[PDB]
Every structure is written in C-alpha cells, then in structure tokens.
Amino acid sequence: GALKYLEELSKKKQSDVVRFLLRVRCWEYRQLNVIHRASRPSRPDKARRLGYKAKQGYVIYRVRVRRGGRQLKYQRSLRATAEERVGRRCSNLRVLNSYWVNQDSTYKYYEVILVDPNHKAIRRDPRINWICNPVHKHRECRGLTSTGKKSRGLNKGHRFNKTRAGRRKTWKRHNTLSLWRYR
Amino acid sequence: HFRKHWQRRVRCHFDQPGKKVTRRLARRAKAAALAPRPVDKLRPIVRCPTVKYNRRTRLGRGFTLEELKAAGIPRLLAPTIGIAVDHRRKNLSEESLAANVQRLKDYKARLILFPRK
Amino acid sequence: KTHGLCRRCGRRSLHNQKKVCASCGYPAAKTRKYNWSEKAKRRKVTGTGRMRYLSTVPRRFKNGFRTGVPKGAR
Amino acid sequence: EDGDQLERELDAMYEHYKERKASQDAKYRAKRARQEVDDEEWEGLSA
Amino acid sequence: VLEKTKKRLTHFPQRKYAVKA
Amino acid sequence: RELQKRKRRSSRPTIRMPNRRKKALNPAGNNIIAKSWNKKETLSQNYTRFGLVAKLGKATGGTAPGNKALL
Amino acid sequence: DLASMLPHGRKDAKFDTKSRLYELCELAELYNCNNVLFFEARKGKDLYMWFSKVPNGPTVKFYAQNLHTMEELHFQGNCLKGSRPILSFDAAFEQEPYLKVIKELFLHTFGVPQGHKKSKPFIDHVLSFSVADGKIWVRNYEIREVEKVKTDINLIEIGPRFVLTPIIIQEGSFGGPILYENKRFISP
Amino acid sequence: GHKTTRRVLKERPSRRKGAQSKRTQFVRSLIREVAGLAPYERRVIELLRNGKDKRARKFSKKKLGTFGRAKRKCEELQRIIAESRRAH
Amino acid sequence: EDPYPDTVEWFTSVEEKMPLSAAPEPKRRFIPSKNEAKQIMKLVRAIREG
Amino acid sequence: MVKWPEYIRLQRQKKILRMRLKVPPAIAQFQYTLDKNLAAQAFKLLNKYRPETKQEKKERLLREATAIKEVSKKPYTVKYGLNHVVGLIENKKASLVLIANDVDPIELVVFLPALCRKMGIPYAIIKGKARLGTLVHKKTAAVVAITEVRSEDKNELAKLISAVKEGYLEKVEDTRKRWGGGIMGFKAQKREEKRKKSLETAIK
RNA sequence: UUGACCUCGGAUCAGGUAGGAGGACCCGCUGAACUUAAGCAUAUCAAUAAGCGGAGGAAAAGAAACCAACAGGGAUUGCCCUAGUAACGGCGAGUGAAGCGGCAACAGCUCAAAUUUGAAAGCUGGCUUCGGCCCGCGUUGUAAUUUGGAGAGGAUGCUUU
RNA sequence: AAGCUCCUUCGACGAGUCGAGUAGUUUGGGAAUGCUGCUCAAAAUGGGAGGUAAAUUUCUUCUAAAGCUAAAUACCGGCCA
Ligand SMILES: [Zn+2]
Numbered sequence: 002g003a004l005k006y007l008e009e010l011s012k013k014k015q016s017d018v019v020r021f022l023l024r025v026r027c028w029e030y031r032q033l034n035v036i037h038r039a040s041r042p043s044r045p046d047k048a049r050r051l052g053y054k055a056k057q058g059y060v061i062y063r064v065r066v067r068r069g070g071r091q092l093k094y095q096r097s098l099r100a101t102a103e104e105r106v107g108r109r110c111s112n113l114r115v116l117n118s119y120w121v122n123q124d125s126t127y128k129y130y131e132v133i134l135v136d137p138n139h140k141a142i143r144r145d146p147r148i149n150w151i152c153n154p155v156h157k158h159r160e161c162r163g164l165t166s167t168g169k170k171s172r173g174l175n176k177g178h179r180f181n182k183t184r185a186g187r188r189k190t191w192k193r194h195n196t197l198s199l200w201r202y203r
Numbered sequence: 013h014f015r016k017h018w019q020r021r022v023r024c025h026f027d028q029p030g031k032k033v034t035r036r037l038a039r040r041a042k043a044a045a046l047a048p049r050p051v052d053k054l055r056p057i058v059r060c061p062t063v064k065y066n067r068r069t070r071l072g073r074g075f076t077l078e079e080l081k082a083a084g085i086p087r088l089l090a091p092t093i094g095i096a097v098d099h100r101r102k103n104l105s106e107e108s109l110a111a112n113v114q115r116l117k118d119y120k121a122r123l124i125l126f127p128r129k
Numbered sequence: 014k015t016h017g018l019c020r021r022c023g024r025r026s027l028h029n030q031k032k033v034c035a036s037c038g039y040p041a042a043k044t045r046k047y048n049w050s051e052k053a054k055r056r057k058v059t060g061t062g063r064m065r066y067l068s069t070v071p072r073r074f075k076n077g078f079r080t081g082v083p084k085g086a087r
Numbered sequence: 463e464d465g466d467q468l469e470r471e472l473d474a475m476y477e478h479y480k481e482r483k484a485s486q487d488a489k490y491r492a493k494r495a496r497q498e499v500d501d502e503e504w505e506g507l508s509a
Numbered sequence: 105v106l107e108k109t110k111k112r113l114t115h116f117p118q119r120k121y122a123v124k125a
Numbered sequence: 003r004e005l006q007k008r009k010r011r012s013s014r015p016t017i018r019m020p021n022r023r024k025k026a027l028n029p030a031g032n033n034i035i036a037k038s039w040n041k042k043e044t045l046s047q048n049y050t051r052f053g054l055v056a057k058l059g060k061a062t063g064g065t066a067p068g069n070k071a072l073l
Numbered sequence: 054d055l056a057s058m059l060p061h062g063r064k065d066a067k068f069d070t071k072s073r074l075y076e077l078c079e080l081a082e083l084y085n086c087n088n089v090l091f092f093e094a095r096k097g098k099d100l101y102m103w104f105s106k107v108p109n110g111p112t113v114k115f116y117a118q119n120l121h122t123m124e125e126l127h128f129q130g131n132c133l134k135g136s137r138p139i140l141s142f143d144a145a146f147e148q149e150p151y152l153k154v155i156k157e158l159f160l161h162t163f164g165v166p167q168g169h170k171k172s173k174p175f176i177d178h179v180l181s182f183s184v185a186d187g188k189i190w191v192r193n194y195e196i197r198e199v200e201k202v203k227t228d229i230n231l232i233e234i235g236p237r238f239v240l241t242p243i244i245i246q247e248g249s250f251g252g253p254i255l256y257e258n259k260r261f262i263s264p
Numbered sequence: 023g024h025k026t027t028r029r030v031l032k033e034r035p036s037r038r039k040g041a042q043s044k045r046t047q048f049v050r051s052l053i054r055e056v057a058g059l060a061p062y063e064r065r066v067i068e069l070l071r072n073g074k075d076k077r078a079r080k081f082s083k084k085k086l087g088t089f090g091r092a093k094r095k096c097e098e099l100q101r102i103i104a105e106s107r108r109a110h
Numbered sequence: 252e253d254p255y256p257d258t259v260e261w262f263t264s265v266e267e268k269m270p271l272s273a274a275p276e277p278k279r280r281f282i283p284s285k286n287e288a289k290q291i292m293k294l295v296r297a298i299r300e301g
Numbered sequence: 052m053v054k055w056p057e058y059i060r061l062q063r064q065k066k067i068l069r070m071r072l073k074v075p076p077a078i079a080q081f082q083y084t085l086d087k088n089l090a091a092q093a094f095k096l097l098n099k100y101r102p103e104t105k106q107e108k109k110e111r112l113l114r115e116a117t118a119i120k121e128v129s130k131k132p133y134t135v136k137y138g139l140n141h142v143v144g145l146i147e148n149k150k151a152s153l154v155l156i157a158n159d160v161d162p163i164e165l166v167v168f169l170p171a172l173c174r175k176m177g178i179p180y181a182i183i184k185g186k187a188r189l190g191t192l193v194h195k196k197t198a199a200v201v202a203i204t205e206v207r208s209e210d211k212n213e214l215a216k217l218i219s220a221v222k223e224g225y226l227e228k229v230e231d232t233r234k235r236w237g238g239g240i241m242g243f244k245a246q247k248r249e250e251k252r253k254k255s256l257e258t259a260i261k
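Protein chains in written order, with the UniProt record's numbering: chain U, 2 to 71, 91 to 203; chain A, 13 to 129; chain C, 14 to 87; chain S, 463 to 509; chain R, 105 to 125; chain F, 3 to 73; chain X, 54 to 203, 227 to 264; chain P, 23 to 110; chain G, 252 to 301; chain L, 52 to 121, 128 to 261.
Dropping the structure here:
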C-alpha cells in the first residue's frame with residue numbers, strides 16, 4: 002500500500018511535508034554535481050510505475066537542467101535535454117525513462133531510469149530484452165521516450181492529423197506527385 | 013500548382029507488375045506455410061456506419077465475444093482454428109448478432125479440424 | 014607556409030598556427046564532411062582506397078560467417 | 463549536543479571561501495583596503 | 105519466453121484445419 | 003560508384019549471391035498436401051483440385067471459370 | 054464590446070458545459086450580480102445568448118448570428134467608454150407580450166444606472182433594438198451634433237451589429253416552465 | 023431511422039473506471055491528514071473559518087482556474103474544518 | 252496567524268474496527284506450502300539421481 | 052585553514068540543517084524514538100521469532116527430502138517488507154509494529170505511524186534500520202511487525218505490547234502533533250540578533 | 001575498544017560497453033534566402049535547402065482518453081477516389097486536410113497499481129572432476145498470478161499437457 | 001500446471017500530469033491544430049472528446065499522463081542478378 006500512499010503524497014506537492022523535503026533535496030542537489038548517480042530512486046513509486054526494478058542492470062541518474070527559453093522557444097523540453105545529456109554521459113546504457121524530482125527557480129531536476137543492455141540478468145529476463153535489441157539505441161536522441169512522443173504528437177484523433185505517423189513523413193506523402201503507367 | 017519541388021518529390025510506378033508478382037508469391041508462400049488451412053482468417057459481416065452507406069454490408073475486423081459464445085466457439089480457440097476476434101465491437105442489435113452467428117455456424121459446418129498431433 | 018602535412022589525410026593542409034587540417038580536420042575525431050560538396054564527398058567516400066576488411070566481409074556473409082574446417086582435412 | 467562547534471567551523475570555512483572568491487579580483491581588495499570600519503562593531507566597551 | 109506465454113501456447117497451440125469447398 | 007569502379011578494376015573475384023529466399027514458395031514434407039501439390043500450378047488451382055477454400059474473404063476480382071477456391 | 058459598453062458589468066471566462074445552468078445562478082451570487090448575459094457557443098459556429106434575472110425569473114434564450122463586431126474598419130463612429138446610452142425600442146416591443154418581457158430585461162441589462170461612479174458624465178450614443186423579421190436587430194450609433202443652416229442630430233454607426241432570434245422564455249432563473257416558444261426557429 | 027431490435031449490453035468495467043474504491047478514499051484522507059495543507063489552502067481555510075466564503079471561492083478560482091474545481095476545493099476544505107471541529 | 256500550527260487529527264482520532272479489505276482469504280494461508288513441496292520434490296529427485 | 056573533502060562537508064552540513072530547520076510533525080515524531088531498555092526487550096522476544104537463514108532453510112528442506120526418501130505446525134516469524142507490513146497493518150493482522158527512524162527517502166515510512174494509530178495497532182520507532190535489518194537476515198529493514206507468537210510467548214508479547222504502548226505512545230501523544238526543530242545554539246542566536254539589529258533599526 | 005549500516009572514493013582489480021565510417025531511404029533539433037502576388041504589410045518559396053544529433057534492413061507508427069451519429073465502425077501502415085471538397089486566407093497571391101467507401105496486409109500483448117507471508121519460491125558472479133559449491137544482488141521488493149469490453153478467491157464438473 | 005462454469009465474497013487502473021493565464025512557433029484548423037517555455041496549479045458515481053434549440057446543459061463514445069510488437073510501405077547507398 003506504500004505505493005499508493007506515496008502516489009497521493011506526491012500528488013499533494015505544496016503540502017508542508019513535501020515542500021520541506023523538496024527544499025532540503027533542492028539544496029543537496031545544488032551542492033551535488035550537474036549529473037550524478039543515484040543509488041535509490043527518490044520517488045520509488047514513480048520509478049516503479051515507469052518501469053524501474055531493483056535488479057543488477059537498472060540505475061538512476063539525477064540531472065540538473067537550466068530553465069527558461071532561448091523569445092524563441094525550444095521545441096524539445098527540458099526533460100528531453102536531460103535525457104540526452106544523461107545518455108551522452110552513460111553511452112553504454114539505454115535510457116528507459118525519466119521523471120521530475122525538484123524545480124527551484126533556476127534549474128529543473130529529473131531522475132532518469134537507465135538499463136544496461138549487456139548485463140546477463142537483463143539479457144535473460146524478457147520484458148527488457150527488447151531494449152537489449154539493437155533498434156533501441158539512443159531512444160532519447162531519436163525522440164522515442166515519452167517526452168519525445170508527446171513532443172512529436174503521436175496521438176490518434178482529428179487534432180493530430182499532421183503529426184501522427186510522422187510529421188515529415190506525412191508532409192512528404194502529401195507532397196509527392198504519384199504518376200501511374202496508365203494515366 | 014508547381015510552386016514546390018515536385019521534381020525532387022515525384023514517384024513513378026514502373027514496378028506495378030513486379031509488385032503484383034511479389035504479392036502473389038507472398039500469398040503462395042503463406043499458403044505453403046499454412047498448407048491445408050486457408051491463407052486468410054474468417055471475418056464477420058458488419059454494417060457501414062454512415063447513412064450514405066448504411067444499406068450495404070461489408071467485412072469487419074473480428075467476431076464479438078457474445079456471438080462467438082452463441083455460436084459455441086471458445087474465445088481462446090477461435091484464433092487458433094482461424095477466426096478473427098474483436099473485443100471492441102459490440103452487437104447492439106439482434107439482427108447483427110443472428111447474422112454473425114449464422115456465419116459462424118456455416119464455418120462450423122464447413123470446417124475440418126485435425127486431432128492435435 | 015600556413016599548411017603542412019596532415020597525418021590523418023596526407024594533404025598539405027595543416028595551418029601551423031591553428032593546428033587544424035582544412036580538408037579533414039585532424040584534431041577532431043570526426044572527419045570533416047559537408048553536403049554542399051558532393052564532389053568532395055565522393056573523393057573521400059569509401060571505395061576510393063584499399064578496402065582491407067570490408068572487401069572480405071561479403072564472402073563470409075555469403076558462406077554464413079561459419080567457423081571450423083571442412084570435414085576430413087589437413 | 464547542539465552542534466555549536468561544528469556550526470562555527472562551517473561558518474568560518476564558508477566565510478573564508480567568500481573572502482578568497484572575492485579577493486581573486488583585486489578590485490574587492492582595493493575596496494576593502496580603502497573602506498573604513500564602523501563603530502557598531504567596537505560598541506560594548508562603555509557605549 | 106515468459107511462463108504465461110508458454111502456458112498459453114502449451115494449452116492452445118495453433119491447430120491444423122481445412123475448410124471444405 | 004567509386005566502390006563499383008574499384009571492384010571492376012581490381013582482380014578480387016565477384017561474390018555472386020545465390021538466389022536465396024526467406025520463405026519457401028512450395029509445400030514440403032511427407033504429408034498429403036505436399037505429396038499432391040503441383041509446383042507448376044497456382045494457389046487457387048491447387049486448392050480447387052484439393053477441394054479446399056483458399057480465401058474466406060470477398061473476391062477482389064473475377065476468377066477462372068473452374069475456380070472453386072475463392073469463397 | 055458589450056462589456057466595454059456596460060460599466061456595471063463583470064467579464065467572466067469559460068463556463069463548463071458539463072456544469073449546471075443554475076450553477077450559473079450561484080456563480081452570479083458569488084459575484085453579486087443580479088443580471089446574467091451568458092454566451093454559449095455551439096460547434097464553435099453558432100452563438101446563443103441567455104439574458105437572465107438571477108435568482109427568481111425571468112430568462113430568455115436567443116440564437117445569435119450575423120455578427121459584425123467592433124475594430125471593423127467601416128463604422129466611422131465612437132462613443133465614451135461607459136457613458137449612459139439612449140435605449141431605442143420598438144412599437145412591436147410594446148405590443149407583443151413577450152417582446153415586453155425582453156424589453157424590460159434589455160433595459161435592466163443595458164441600463165447603465167444614473168448615479169453609477171464608473172459611468173461617463175455626458176451622453177453621446179444610442180442603442181436601438183428593432184423588430185423587422187421574426188428577429189431582433191441591434192445597432193449602436195454616435196449622436197453627432199451639427200450646427201444648423203441659417227443644432228441638428230446625425231447618427232454614425234459605432235459598434236457591434238448582430239441579429240438575435242428568440243427561442244424560449246423560461247419562468248425561473250435558468251429553468252422552470254416554458255412561457256414562449258418560437259416554433260418557427262430553423263436551426264443551423 | 024431503421025427498425026432494429028434493441029439489445030442490452032453487459033456492464034463495462036472501463037465504464038466503471040469511475041473510482042468508488044473505499045480503500046483509495048481511506049488512503050487519500052490519511053495522506054491529507056499526514057501531509058497537511060498548501061499555503062493557498064491555508065488561506066482558504068482562514069477565509070472559510072472567518073466567514074468570507076464568497077471571497078474564499080473567488081480566491082480558489084484565481085488559484086485553480088475553474089468554477090467546478092474551486093467548488094470542489096471549497097467543499098473539501100469545509101469538510102476538513104467540520105472533521106477538525108468534531109475531533110477537537 | 253500561526254506559521255507552524257499543530258496538526259488536528261480529524262481522521263486518525265476515529266478508530267476503525269474492521270480491516271480495509273473484504274477480499275476472502277486464500278486456502279494457501281491455511282494449508283502447508285506448495286512451493287516448499289515443489290522444492291522438496293526437486294531435492295528428492297536429485298537425491299534419487301544421486 | 053584546512054579544507055575538508057566535499058562529501059564530508061556535505062554530510063556535516065546536512066547535520067546542521069537537520070538540527071536547525073523547523074521540522075513538520077510527521078518527521079518530528081520520527082525524531083522522537085524509544086530507549087535502551089524497551090529496545091532490548093523488543094529484540095529479545097523478536098530474536099526468538101527471527102527468520103530462518105538460507106543455510107538453515109536448505110538444511111531443513113534436505114531433511115524432509117531425506118525423510119520422504121526413507128504433519129507440521131504453522132511457522133511463526135517476524136514479518137518484514139514495507140508493502141507486506143503495510144498490508145498486514147491494513148488487515149489488522151499485526152500485533153506490534155517497529156519502524157526504523159532513518160529511512161531515506163522518508164516518504165516510505167512518513168505515513169506509517171498515522172496508519173498504525175488509525176488501525177489501532179501498537180507501533181514504535183526504533184533507532185537503526187541496520188538493527189531491524191539484523192533480525193531479518195538482510196542489510197536494512199524499514200519496518201518489522203509481529204503478527205502471532207507461540208503459546209510460550211503469548212504473555213511476553215502481550216506485556217511487551219502494553220509496555221511499549223504506555224511508555225512510548227503516551228509521551229508521543231504528548232509531543233507528536235507539534236513541529237520539531239528549533240535547536241538554535243549560541244552562534245545561531247547571535248547571528249539572529251545581528252540580523253535583527255541590522256534590519257529593523259533604520260532601513261529595509 | 002570492537003562490528004555493522006549509509007554515503008563517497010582508489011586499483012594497469014575480473015568481465016563488458018561507447019566513440020568513428022556510412023547516411024539512398026528513416027527518426028528528431030535547428031533553420032534561410034532567391035522567386036510569385038498584393039497601395040503597404042502578412043503571406044509564398046518552406047515547416048524546404050544548408051548545419052547538428054541518432055538507427056535499421058527497413059525505420060517510424062501501432063493495439064483508441066479513436067471514428068462517428070450509424071441499422072454502426074473497431075490497432076497501425078500504404079494505394080484509389082474522397083478532393084482542389086471542408087477550412088484558413090485584401091474569402092489576393094493562394095494554401096489546403098480528414099471520416100466514410102474499395103483495396104494490400106492483418107496479431108496481439110507486457111508492466112505499476114493487492115501480502116507467497118504456511119516459508120525470496122527470483123537472479124549476477126567465480127571454483128569446478130560439469131554433479132553442484134560457496135560470494136553476493138535483493139524486502140526502500142527479485143519470482144509465480146492479474147492488466148478494466150478485465151480479473152481475483154472459493155466451489156464445482158468436464159476438458160488439456 | 002491450464003481452460004471454462006457458478007457466486008449470501010472482492011474487484012486495486014499511470015500528477016508539476018491535466019487544466020487556467022500568457023509569449024513564441026506551427027497547422028486547412030482560437031471549440032487555441034499541435035508543440036515548447038513561463039506563473040498558478042486539480043478530480044474520484046472521475047476525466048477526455050463529440051452530439052443537441054428542444055429546456056438542460058439530459059445524450060453518444062472512449063480511458064491520457066508507463067512499455068513492446070511482424071506484414072502490407074520507402075530506398076540515388078551495401079552483396080548480387
Ligand atoms: Zn587532414
């Protein structure tokens with residue numbers, strides 16, 4: 002039941018306990034490096050529902066990302101930038117998925133769940149051997165994480181006509197002149 | 013209407029017969045794999061949504077759970093004996109339910125099932 | 014002279030002050046390449062050299078990358 | 463028990479960090495050399 | 105393969121069948 | 003282009019690739035379908051000769067006069 | 054435009070379509086308002102205006118179409134922001150009993166009370182409601198004064237131009253028995 | 023339209039997606055008690071205790087963004103006040 | 252105002268006398284352990300095979 | 052002067068922050084823990100119900116395997138695991154609950170005292186997740202609970218429950234609902250008068 | 001005095017892994033101008049070229065918080081018409097879809113949310129006579145069961161390995 | 001080990017995420033077409049999107065913020081023909 006208790010406690014963020022804990026951690030993470038390793042998820046329920054296991058092969062990295070804009093607005097989020105930086109640091113791991121942890125007023129903070137594809141436990145266990153497959157190299161760079169799908173607009177409906185099934189692919193398909201043999 | 017670069021985006025279908033032969037050979041290869049079996053799964057009969065097309069029936073995606081039960085075909089065995097199952101479609105009409113159960117009974121009568129190994 | 018011998022590409026293209034090759038950019042790990050010069054791309058594309066290993070790969074693929082010796086040998 | 467000595471040590475270390483990070487400019491050093499100290503720090507003797 | 109998938113394939117494997125003309 | 007030119011200029015042999023296909027185009031084995039399958043006949047023709055249905059779907063065109071395999 | 058012409062008014066953003074037409078009345082009580090002018094858009098294409106006296110009655114629904122708002126550069130007229138207008142009504146508005154209920158509410162809506170501290174001290178515009186078809190046409194005009202030839229009033233259109241056709245008048249804030257039905261309303 | 027014999031469909035758990043879990047309600051109430059209140063909720067509590075209920079509702083709108091959300095927040099905080107009163 | 256107010260137990264002051272879950276108890280909580288039986292059987296097979 | 056390493060400085064600064072910050076009640080009640088004698092009695096009844104080590108379990112399983120080669130009562134042990142113990146608390150199968158005071162992140166346990174109070178189960182807070190961890194054969198246990206004991210220890214468990222309930226829960230009821238922290242020392246208070254005498258005198 | 005836990009480090013420690021090339025097609029970031037038309041300005045070129053990052057034999061997308069108003073459809077993808085329609089544009093230059101319908105191919109699933117609690121049943125190593133020995137990971141949760149057109153638990157009788 | 005059936009027993013579903021305001025960018029698409037940044041910041045007979053003048057906001061249809069998956073489709077480069 003601890004997972005629902007944590008889910009509700011995370012839903013209530015400006016509550017006194019969560020605000021106090023977030024302040025102290027925000028201080029601790031500013032004292033720590035821009036990108037550093039975590040040990041244990043500070044949000045175990047979020048990590049678990051995103052797919053973190055306590056197996057030899059799963060690791061957490063906390064990354065600090067500067068907030069704001071370029091009046092130009094960057095089409096990729098600060099979440100995607102954090103994932104890409106964590107991947108460039110740990111080039112030997114696959115970025116499974118990232119989640120928010122702190123925000124302060126100058127930097128947002130994100131814990132990224134990463135999986136080692138070369139570990140024997142990961143390779144033998146299904147449900148993760150897909151990320152052992154080679155088509156999933158640098159999902160964070162190709163926009164294949166949750167932030168990437170959200171930014172690409174990969175949803176079904178009449179509100180996502182131009183972006184679902186690939187925006188550039190749709191534009192090309194609409195801008196090709198098809199000529200047949202019998203016209 | 014040539015303000016864009018249609019020259020760099022133009023497609024010619026000179027491979028129409030080649031693709032046709034490829035498709036026919038693909039249907040031959042799945043028939044070689046699924047030898048006694050047909051190369052397609054059974055599809056239900058459904059009514060077209062729009063009032064423009066509502067007087068004509070067509071082939072749907074898969075058979076519904078309650079019509080499958082009414083015809084007497086188990087859910088876990090229907091995709092095995094070659095019947096498509098659609099858990100999203102709902103009957104809402106005795107007419108469609110009866111027509112689809114008639115279709116499944118015709119399949120039952122015309123089917124040959126081999127006894128496992 | 015502002016261009017000496019580059020060790021990576023072999024051309025007389027090494028700015029002595031900047032220490033950067035004007036053709037391949039030797040200090041950078043990546044080899045300099047631009048899509049606005051298809052002629053330069055095709056001058057330094059694969060197939061213009063010796064092909065020591067990539068030329069031998071296809072025969073191994075054709076035979077299935079098998080290891081061992083023919084039965085009844087030596 | 464109240465971490466008083468540790469608090470003083472940490473405060474002194476942070477202050478030293480501040481003075482070196484400020485005095486690695488020499489304009490702060492000039493301003494420190496020229497500026498005069500106040501009397502509300504010497505207060506306490508008789509006034 | 106996962107144990108649940110193995111059980112499903114064991115107890116409901118793709119059968120051979122023919123449909124008459 | 004440069005790679006092909008180098009191949010044509012060099013003495014290293016050409017690697018002629020056998021016409022391998024991922025999927026077999028004809029039934030094989032020691033069962034009734036394999037032993038009664040005619041490799042020179044088409045799918046519909048073979049299923050008409052067998053007495054079996056090759057497609058439970060709607061016909062997408064006109065069949066041969068003697069076709070009985072496209073229900 | 055209507056809010057700018059109404060100084061005794063409060064502008065309020067999107068209302069939930071899944072909410073309640075009497076939750077409108079509690080919202081008006083929240084803001085201490087005794088009249089409600091509600092804009093309800095259907096399909097993002099058609100307007101409907103609910104004029105109401107909250108809490109106890111009565112309330113009308115109009116289908117609103119043929120909109121020509123301000124900042125359309127063909128009106129040539131203006132008026133002070135919040136000045137008391139002259140309300141022009143019609144003999145049909147005094148003859149038909151339901152048009153009489155709609156005249157009273159439109160007076161209570163566009164009244165701009167006499168001593169209100171947000172109203173301008175001088176009068177320069179007339180808001181005219183006319184009934185030609187089975188619809189109500191609203192126009193807003195500036196009264197320009199011109200010296201006579203050896227002053228005279230001229231009118232220049234200043235503001236919104238929209239057509240309202242009545243649908244229902246309910247006894248009750250946003251409910252109760254129907255007192256009038258158009259019975260000739262052709263829905264888009 | 024056409025005349026077809028109507029059928030009654032089985033209950034959909036996806037339609038039962040609306041949460042009636044008494045255990046989830048218990049968890050939410052306990053977490054409310056444990057965590058406490060946000061600063062804006064403390065302001066709304068102060069206003070509701072003092073009697074400025076229309077002001078509370080307006081501030082709840084200004085902080086949340088919708089009439090319905092403000093109404094639900096005000097009802098939740100009023101229930102918290104009632105529970106605290108009967109607990110004291 | 253009081254910046255750090257004491258908590259008023261408006262929910263934990265009341266005590267509930269019943270468990271949250273009404274789900275029935277499984278047989279396994281009353282019968283011996285089937286998994287342990289499997290492990291013992293594997294060990295017995297290993298001892299038989301030596 | 053001398054320079055401390057970064058991690059040592061960070062953890063001592065965390066000490067100072069923990070002692071200086073005003074703590075919410077749910078963590079102040081974790082700051083309040085029990086004492087030596089009560090902890091010792093707890094671990095005496097508990098050490099009798101400790102889990103079976105892995106070597107002992109393998110040896111036992113081999114014993115019944117050999118017996119079958121050539128009918129037992131229900132085992133009673135200390136129940137551990139956060140989710141399992143929370144389920145036992147929710148189902149009122151737990152008779153006693155012990156919660157480690159030093160679980161980081163704290164959110165894992167921050168609701169456990171309130172849950173135990175609501176369900177009516179006696180609970181206490183123990184100094185040392187490594188010690189609760191040594192009862193089980195692990196490195197760290199966030200929580201341990203006693204569900205049922207043998208007839209030889211029913212009276213001992215009941216007396217331990219009564220003793221922990223009175224001698225800890227009464228003091229915790231006296232001081233658990235209030236905020237913690239505020240242990241300002243001489244240097245902190247002197248800095249406080251410096252700040253006030255620099256702020257409210259003339260200018261802001 | 002001793003010993004654990006947590007955190008942070010060292011090693012030419014044991015075993016692995018990343019870089020670069022290629023880039024026709026593919027997934028993202030960033031991003032012009034020439035030209036056309038219009039009192040002027042938005043627009044067009046173009047969500048293009050150049051630049052940067054990342055994969056494969058295909059990639060991507062993908063099993064409805066969908067379409068619809070039906071007598072209903074039923075993951076995704078591609079062709080035909082829809083259609084130069086709806087819509088947005090000084091209702092200029094112009095830009096410009098989708099549902100339906102016919103077809104090609106069709107395949108479904110895995111987790112988090114529950115206590116195995118009558119037994120962590122899970123897994124990495126490295127020592128092997130290859131049969132099993134320990135070190136460890138892990139309860140801040142590794143196996144089995146379940147994934148909301150469901151499911152769980154008891155009972156009940158058939159049917160499957 | 002597995003499937004069904006029955007029921008005086010239960011039935012857990014993703015948060016700085018929706019959403020409101022705003023700036024930029026983008027689309028045929030201010031019910032903002034989608035996306036990003038910034039300030040505020042949710043619910044549990046809930047939420048999303050449509051239908052409807054029909055008299056109240058009734059009706060219809062799905063479950064977002066976790067993940068995998070062949071085929072039909074593209075190909076100026078690779079091994080060939
Ligand atoms: Zn060079």
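Quick reminder that beta carbons are idealized off the backbone N, C-alpha and C, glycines included.
Query: Cβ distance (whole Å) where U/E131 is taken to contact U/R96 below 8 Å; Result: Not quite, the Cβ-Cβ distance comes to about 19 Å (not below 8 Å), so this is no contact.
Query: Secondary structure of G/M292, DSSP reduced to three states; Result: helix
Query: Chain A contact for U/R44 (CB, 7 Å cutoff); Result: no
Query: Between the CA atoms of L/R69 and G/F262 - distance to the nearest angstrom; Result: 29 Å
Query: Per DSSP, the bridge partner or partners of U/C110; Result: The partner list for U/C110 (beta bridge, DSSP) is empty, contrary to what the question assumes.
Query: Status (buried if at least 16 other CB within 10 Å, exposed otherwise) for X/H178; Result: buried
Query: Cβ-heavy atom distance, C/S68 to ligand 1, below 6 Å; Result: no
Query: Selected residue, minimal CA-CA separation from A/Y119, among A/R15, A/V33, A/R23, A/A90; Result: A/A90
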